[PDB]
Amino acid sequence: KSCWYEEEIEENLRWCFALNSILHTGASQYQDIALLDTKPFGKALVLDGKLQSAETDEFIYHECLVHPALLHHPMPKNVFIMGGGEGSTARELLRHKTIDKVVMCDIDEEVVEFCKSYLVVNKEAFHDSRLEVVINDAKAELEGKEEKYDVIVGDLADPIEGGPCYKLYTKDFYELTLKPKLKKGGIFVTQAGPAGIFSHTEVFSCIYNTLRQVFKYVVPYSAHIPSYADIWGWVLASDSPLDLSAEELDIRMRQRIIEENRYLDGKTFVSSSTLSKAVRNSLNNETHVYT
């Protein structure tokens, strides 16, 4: 009961967890880095004072982020990650038998090196041949190269007003930069911020509405992540249908993904993509489009 880390989740809400230790600390020109050893969530990565992942339940976030998008692809071969310097998004992709190239594109070199050093769970992932790490802004990287991708995975910080990841959620970026870099039948997926009954109105609905204005087929979904103190959201978007039964999803999982999933099976994702009445109404009637 003596040592605590404190997180301001909202203006009037704090989330405190007891600490075993402060394990490692780095920093870039971009942000403060810390790896805490927490009692309730194990090793916790804190970036600029915000918890970004925790050892006990990061598998939920990263299984939800990655596996729905590639399972709805018939044959996802190359995948570009915006963000995801932690290595866990790459880890989950690399268990798919169909990728021949994961590029992880994080602008913060020091975050990648830190997590490559200290997250035991991803060093098999980091030392994988299919994996290429690029230090650059994601839009700058995509505009400059011309190689189109089967799947693009958005694993950035939330689009807070005045940050630099904001422009990577804009309607003009999807339509003019990202989608031209999708192969025919490609699939985009992005994390989409909090998806609680009230918190989904911050960014989750706006990212849904924005992707509605670029792709014909958009599916939002969400799942509780305990260490984030909220339901968290993701959005899929493609121009080919993303409609698979739970049974087909289970079939494709036991065929393309090495090892058994800890959190996600077909029925989990069916349930995940059935938002609640209020969240569904809010999403289906949102107007704002990030320009």
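Here, rigid core means the biggest group of C-alpha atoms that superpose within 1.5 Å across both forms. The first residue of the shown sequence is 1; numbering continues from there.
Farther on average from this form in 5 other deposited structures of this protein lies stretch 27 to 35, the comparison being between 27 to 35 and 57 to 65 by RMS Cα distance after core superposition. Here the stretch with the larger average CA B-factor, out of 257 to 265 and 31 to 39, is 257 to 265.
Remark: stretch with higher mean C-alpha B factor among 191 to 199 and 111 to 119 is 111 to 119.
The PDB entry gives the largest Cα B-factor of the residues 86, 161, 106, 155 to 161. Ranked against the other modelled residues of its chain, the C-alpha B-factor of residue 251 as given in the entry falls in the highest third. Per the PDB record, residue ranking by Cα B-factor puts residue 126 in the middle third of the chain. Among the modelled residues of its chain, residue 174 has a C-alpha B-factor that falls in the highest third, as given in the PDB entry.
Among the modelled residues of its chain, residue 74 has a C-alpha B-factor that falls in the highest third according to the deposited record. When the CA B factors of the chain's modelled residues are split into thirds, the value for residue 239 lands in the highest one.
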